[PDB]
$ cat upload21.csv   # CSV, C-alpha atoms
chain,number,residue,atom,x,y,z
A,1,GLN,CA,0.0,0.0,0.0
A,2,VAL,CA,2.4,2.7,1.3
A,3,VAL,CA,5.0,1.2,3.6
A,4,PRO,CA,4.7,-2.6,2.8
A,5,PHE,CA,5.7,-3.8,-0.6
A,6,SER,CA,5.6,-7.1,-2.5
A,7,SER,CA,7.9,-10.0,-1.5
A,8,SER,CA,10.2,-11.1,-4.3
A,9,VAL,CA,11.7,-14.4,-3.0
B,1,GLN,CA,-49.1,-8.4,-24.2
B,2,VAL,CA,-46.8,-8.9,-21.2
B,3,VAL,CA,-44.1,-6.2,-21.1
B,4,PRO,CA,-43.1,-6.7,-17.4
B,5,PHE,CA,-42.4,-10.4,-18.0
B,6,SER,CA,-40.4,-10.1,-21.2
B,7,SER,CA,-40.0,-7.8,-24.2
B,8,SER,CA,-41.1,-10.1,-27.0
B,9,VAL,CA,-40.1,-7.9,-29.9
C,1,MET,CA,-11.2,-24.3,-8.9
C,2,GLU,CA,-8.0,-26.3,-9.2
C,3,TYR,CA,-5.8,-27.6,-6.3
C,4,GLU,CA,-2.5,-29.5,-6.0
C,5,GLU,CA,0.8,-29.7,-4.2
C,6,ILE,CA,4.3,-29.0,-5.6
C,7,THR,CA,8.0,-28.8,-4.7
C,8,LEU,CA,9.9,-25.7,-5.6
C,9,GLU,CA,13.6,-26.2,-4.9
C,10,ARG,CA,15.7,-23.1,-4.6
C,11,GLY,CA,17.3,-22.9,-8.1
C,12,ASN,CA,20.1,-21.1,-6.3
C,13,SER,CA,19.4,-18.2,-3.9
C,14,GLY,CA,15.6,-18.4,-4.0
C,15,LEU,CA,12.6,-19.5,-6.1
C,16,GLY,CA,11.8,-16.2,-7.7
C,17,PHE,CA,8.3,-14.8,-7.4
C,18,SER,CA,6.4,-11.8,-6.1
C,19,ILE,CA,3.7,-12.1,-3.5
C,20,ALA,CA,1.4,-9.6,-1.7
C,21,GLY,CA,-1.7,-9.4,0.5
C,22,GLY,CA,-2.1,-10.8,4.0
C,23,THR,CA,-5.0,-11.8,6.2
C,24,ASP,CA,-4.8,-8.3,7.5
C,25,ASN,CA,-4.4,-6.2,4.4
C,26,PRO,CA,-5.7,-8.2,1.4
C,27,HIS,CA,-3.9,-7.4,-1.9
C,28,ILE,CA,-7.3,-7.3,-3.5
C,29,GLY,CA,-9.5,-6.1,-0.7
C,30,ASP,CA,-11.6,-9.2,-0.2
C,31,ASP,CA,-9.4,-12.3,0.2
C,32,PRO,CA,-7.6,-13.2,3.5
C,33,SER,CA,-5.6,-15.7,1.5
C,34,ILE,CA,-2.3,-14.5,-0.1
C,35,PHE,CA,-1.5,-14.9,-3.8
C,36,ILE,CA,1.4,-14.2,-6.2
C,37,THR,CA,1.5,-11.3,-8.7
C,38,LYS,CA,4.3,-12.3,-11.1
C,39,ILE,CA,7.3,-14.5,-11.5
C,40,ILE,CA,10.8,-13.6,-12.7
C,41,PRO,CA,12.2,-15.6,-15.7
C,42,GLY,CA,15.3,-16.6,-13.7
C,43,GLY,CA,14.7,-18.2,-10.3
C,44,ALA,CA,13.5,-21.8,-9.9
C,45,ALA,CA,9.9,-20.5,-9.7
C,46,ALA,CA,9.6,-19.7,-13.4
C,47,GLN,CA,11.6,-22.8,-14.1
C,48,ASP,CA,9.3,-25.0,-12.1
C,49,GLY,CA,6.3,-23.0,-13.5
C,50,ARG,CA,4.0,-25.5,-11.7
C,51,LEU,CA,1.5,-22.8,-10.9
C,52,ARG,CA,0.2,-19.3,-11.7
C,53,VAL,CA,0.8,-16.1,-9.8
C,54,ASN,CA,-2.9,-15.2,-9.2
C,55,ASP,CA,-3.2,-18.6,-7.4
C,56,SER,CA,-3.8,-19.1,-3.7
C,57,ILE,CA,-1.2,-21.1,-1.8
C,58,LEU,CA,-3.6,-23.3,0.2
C,59,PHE,CA,-0.5,-24.4,2.2
C,60,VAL,CA,3.3,-23.9,2.2
C,61,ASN,CA,6.0,-26.0,3.8
C,62,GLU,CA,3.3,-27.7,5.8
C,63,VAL,CA,2.4,-24.3,7.3
C,64,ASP,CA,-1.1,-22.7,7.6
C,65,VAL,CA,-1.0,-20.1,4.9
C,66,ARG,CA,-4.6,-20.0,3.7
C,67,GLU,CA,-5.6,-16.8,5.5
C,68,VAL,CA,-2.7,-15.4,7.5
C,69,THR,CA,-1.2,-12.0,7.6
C,70,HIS,CA,1.6,-11.1,5.1
C,71,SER,CA,4.2,-11.1,7.9
C,72,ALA,CA,3.3,-14.8,8.5
C,73,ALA,CA,3.6,-15.5,4.8
C,74,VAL,CA,7.0,-13.9,4.7
C,75,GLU,CA,8.0,-15.9,7.7
C,76,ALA,CA,6.8,-19.1,5.9
C,77,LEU,CA,9.0,-18.4,2.9
C,78,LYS,CA,11.7,-17.2,5.2
C,79,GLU,CA,11.7,-20.7,6.8
C,80,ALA,CA,10.8,-22.5,3.6
C,81,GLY,CA,14.3,-23.8,3.1
C,82,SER,CA,14.8,-24.6,-0.6
C,83,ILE,CA,12.5,-27.4,-1.7
C,84,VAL,CA,9.2,-26.1,-0.7
C,85,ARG,CA,6.4,-28.6,-0.9
C,86,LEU,CA,3.5,-26.2,-0.9
C,87,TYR,CA,-0.2,-26.7,-1.8
C,88,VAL,CA,-1.6,-24.1,-4.1
C,89,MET,CA,-5.1,-23.4,-5.5
C,90,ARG,CA,-5.5,-21.9,-9.0
C,91,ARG,CA,-9.0,-21.1,-10.1
C,92,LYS,CA,-9.9,-22.0,-13.7
C,93,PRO,CA,-9.7,-19.3,-16.5
C,94,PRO,CA,-12.6,-16.7,-16.6
C,95,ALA,CA,-15.1,-16.3,-19.5
C,96,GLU,CA,-15.7,-12.6,-19.8
C,97,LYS,CA,-15.8,-11.7,-23.5
C,98,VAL,CA,-17.7,-9.0,-25.5
C,99,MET,CA,-19.3,-10.2,-28.7
C,100,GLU,CA,-20.5,-8.2,-31.7
C,101,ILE,CA,-23.7,-9.5,-33.4
C,102,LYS,CA,-25.8,-8.2,-36.3
C,103,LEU,CA,-29.6,-8.0,-35.9
C,104,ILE,CA,-31.9,-6.8,-38.6
C,105,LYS,CA,-35.3,-5.3,-37.8
C,106,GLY,CA,-38.5,-7.2,-38.9
C,107,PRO,CA,-42.1,-6.4,-39.5
C,108,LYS,CA,-43.0,-8.2,-36.3
C,109,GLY,CA,-40.0,-6.6,-34.6
C,110,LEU,CA,-36.6,-8.1,-34.2
C,111,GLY,CA,-38.0,-11.5,-33.4
C,112,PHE,CA,-36.8,-12.1,-29.8
C,113,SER,CA,-37.7,-11.8,-26.2
C,114,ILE,CA,-35.3,-9.8,-24.0
C,115,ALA,CA,-35.5,-7.9,-20.7
C,116,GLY,CA,-33.1,-5.6,-18.9
C,117,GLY,CA,-32.6,-2.3,-17.2
C,118,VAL,CA,-34.2,-0.8,-14.0
C,119,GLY,CA,-37.7,-1.7,-13.0
C,120,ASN,CA,-37.3,-5.0,-14.8
C,121,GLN,CA,-33.7,-6.2,-15.0
C,122,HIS,CA,-35.1,-9.7,-15.8
C,123,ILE,CA,-32.2,-11.2,-13.8
C,124,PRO,CA,-32.3,-11.0,-9.9
C,125,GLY,CA,-29.3,-8.7,-9.9
C,126,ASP,CA,-28.1,-7.5,-13.3
C,127,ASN,CA,-29.2,-4.3,-15.1
C,128,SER,CA,-27.8,-5.9,-18.3
C,129,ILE,CA,-30.3,-7.0,-20.9
C,130,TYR,CA,-30.6,-10.8,-21.2
C,131,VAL,CA,-32.6,-12.8,-23.7
C,132,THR,CA,-35.3,-15.3,-22.7
C,133,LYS,CA,-37.2,-16.4,-25.9
C,134,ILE,CA,-36.8,-16.5,-29.6
C,135,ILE,CA,-39.2,-17.1,-32.5
C,136,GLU,CA,-38.7,-19.5,-35.4
C,137,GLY,CA,-37.3,-18.1,-38.7
C,138,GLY,CA,-36.9,-14.7,-37.0
C,139,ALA,CA,-34.5,-11.9,-38.0
C,140,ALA,CA,-32.2,-12.3,-35.0
C,141,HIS,CA,-32.7,-16.0,-34.9
C,142,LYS,CA,-31.0,-16.6,-38.2
C,143,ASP,CA,-28.8,-13.5,-38.3
C,144,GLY,CA,-28.2,-12.7,-34.6
C,145,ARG,CA,-27.9,-16.4,-33.6
C,146,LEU,CA,-28.4,-15.1,-30.0
C,147,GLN,CA,-29.9,-18.2,-28.5
C,148,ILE,CA,-31.7,-17.9,-25.2
C,149,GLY,CA,-28.9,-17.1,-22.8
C,150,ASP,CA,-27.1,-14.2,-24.4
C,151,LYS,CA,-26.9,-10.7,-22.9
C,152,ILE,CA,-26.4,-7.3,-24.7
C,153,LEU,CA,-24.7,-4.4,-22.9
C,154,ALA,CA,-25.4,-2.0,-25.8
C,155,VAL,CA,-26.5,-1.8,-29.4
C,156,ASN,CA,-23.6,-0.4,-31.4
C,157,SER,CA,-23.4,2.4,-29.0
C,158,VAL,CA,-26.7,2.4,-27.1
C,159,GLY,CA,-27.2,2.3,-23.4
C,160,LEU,CA,-29.5,-0.7,-22.9
C,161,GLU,CA,-28.8,-0.4,-19.2
C,162,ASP,CA,-28.9,3.3,-18.2
C,163,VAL,CA,-32.6,4.2,-18.1
C,164,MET,CA,-35.1,1.4,-17.5
C,165,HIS,CA,-36.7,-1.6,-19.1
C,166,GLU,CA,-39.0,0.9,-20.9
C,167,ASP,CA,-36.3,3.1,-22.3
C,168,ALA,CA,-34.1,0.1,-23.2
C,169,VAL,CA,-37.0,-1.5,-24.9
C,170,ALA,CA,-37.9,1.6,-26.9
C,171,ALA,CA,-34.2,2.2,-27.6
C,172,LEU,CA,-33.8,-1.4,-28.9
C,173,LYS,CA,-36.9,-1.2,-31.2
C,174,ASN,CA,-35.9,2.3,-32.3
C,175,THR,CA,-32.8,0.7,-33.9
C,176,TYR,CA,-32.4,0.5,-37.7
C,177,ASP,CA,-33.3,-2.3,-40.1
C,178,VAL,CA,-29.7,-3.5,-39.7
C,179,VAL,CA,-28.0,-2.8,-36.3
C,180,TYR,CA,-25.1,-4.4,-34.6
C,181,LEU,CA,-25.7,-5.4,-31.0
C,182,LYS,CA,-23.0,-5.8,-28.4
C,183,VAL,CA,-23.3,-9.1,-26.5
C,184,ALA,CA,-21.3,-10.3,-23.6
C,185,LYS,CA,-20.3,-13.7,-22.1
C,186,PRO,CA,-20.8,-14.5,-18.4
C,187,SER,CA,-17.5,-13.4,-16.8
C,188,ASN,CA,-15.7,-16.0,-14.7
C,189,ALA,CA,-17.8,-18.6,-16.5

$ encode --input "upload21.csv" --output "structure tokens"
Amino acid sequence: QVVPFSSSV
Amino acid sequence: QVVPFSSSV
Amino acid sequence: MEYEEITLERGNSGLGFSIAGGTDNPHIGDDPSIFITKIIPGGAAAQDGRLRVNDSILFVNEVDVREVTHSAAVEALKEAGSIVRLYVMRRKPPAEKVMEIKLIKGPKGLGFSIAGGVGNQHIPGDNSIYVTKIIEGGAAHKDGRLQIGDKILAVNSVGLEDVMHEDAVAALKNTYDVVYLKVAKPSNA
């Protein structure tokens, strides 16, 4: 949203 | 004859 | 809805896929379950390609990940190891498509029974105009080929769903001897 982003793992 | 049941056109 | 388990061994330093969501802050806004958005053509993920991004990992590394916050999902992948035997759920492909049909006017009308719009949406929750009956040897029957079950969202550029069953009915009959109607297939099948 604003602070949390997607997790590329 | 029945417009509220179905528009038979 | 499809479902199955799979093993995604760390091709090297990871699988290679982007996730988002969380039981707290859904990535869509109506799904506690987390899903993937895209895969990078490099890691073992794209190599394994044993699933889609928009799927829903029913389970991962024998961990409850069907409706847990992102932090928990990140923790699951954090402690996934390398060969992750996760169980995912990928729903079948949708079915939303917009057709373009030709319907010519006839002396007895267009030769078909349809009902949509406000006041008489026909369907219990769909302003769209759906068909219900067709005559034999009619104009639309032969030309339109719109068998009982089709739904038009607009005739060429008409708003068959922005007035009422009366305005949509008068607007459909007001068409020309040869008009193209815009039909649509039931989305998500």

$ residues_around --input "upload21.csv" --residues "residue A:6" --least-positions-apart "4" --cutoff "7 Å" --atoms "all atoms listed in the file" --output "ChimeraX atom specification"
/C:18-20

$ residues_around --input "upload21.csv" --residues "residue A:5" --least-positions-apart "6" --cutoff "12 Å" --atoms "only C-alpha atoms" --output "JSON, numbers by chain"
{"C": [18, 19, 20, 21, 22, 25, 27, 37, 70, 71, 74]}

$ atom_distance --input "upload21.csv" --atom1 "atom CA of residue C:2" --atom2 "atom CA of residue C:91"
5.4 Å

$ closest_atom_pairs --input "upload21.csv" --of "chain B" --to "chain C" --cutoff "6 Å" --atoms "only C-alpha atoms" --output "JSON lines"
{"residue": "B:6", "atom": "CA", "partner": "C:115", "partner_atom": "CA", "distance": 5.4}
{"residue": "B:7", "atom": "CA", "partner": "C:113", "partner_atom": "CA", "distance": 5.0}
{"residue": "B:8", "atom": "CA", "partner": "C:113", "partner_atom": "CA", "distance": 3.9}
{"residue": "B:9", "atom": "CA", "partner": "C:109", "partner_atom": "CA", "distance": 4.9}

$ atom_distance --input "upload21.csv" --atom1 "atom CA of residue C:5" --atom2 "atom CA of residue C:189"
24.9 Å

$ residues_around --input "upload21.csv" --residues "residue C:128" --least-positions-apart "3" --cutoff "8 Å" --atoms "all atoms listed in the file" --output "compact mmCIF listing (two decimals) with C-alpha atoms, in the coordinates of the input"
# COMPACT_ATOMS: atom_id res chain seq x y z
CA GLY C 116 -33.10 -5.60 -18.90
CA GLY C 117 -32.60 -2.30 -17.20
CA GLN C 121 -33.70 -6.20 -15.00
CA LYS C 151 -26.90 -10.70 -22.90
CA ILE C 152 -26.40 -7.30 -24.70
CA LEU C 153 -24.70 -4.40 -22.90
CA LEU C 160 -29.50 -0.70 -22.90
CA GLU C 161 -28.80 -0.40 -19.20

$ atom_distance --input "upload21.csv" --atom1 "atom CA of residue C:16" --atom2 "atom CA of residue C:32"
22.6 Å

$ closest_residue --input "upload21.csv" --among "C:57, C:84, C:104, C:72" --to "residue C:24" --atoms "all atoms listed in the file"
C:72

$ residues_around --input "upload21.csv" --residues "residue C:155" --least-positions-apart "2" --cutoff "9 Å" --atoms "all atoms listed in the file" --output "list in words"
residues 152, 153, 157, 158, 159, 160, 171, 172, 175, 179, 180, 181, 182 and 183 of chain C

$ closest_residue --input "upload21.csv" --among "C:146, C:28, C:118, C:77" --to "residue A:1" --atoms "only C-alpha atoms"
C:28
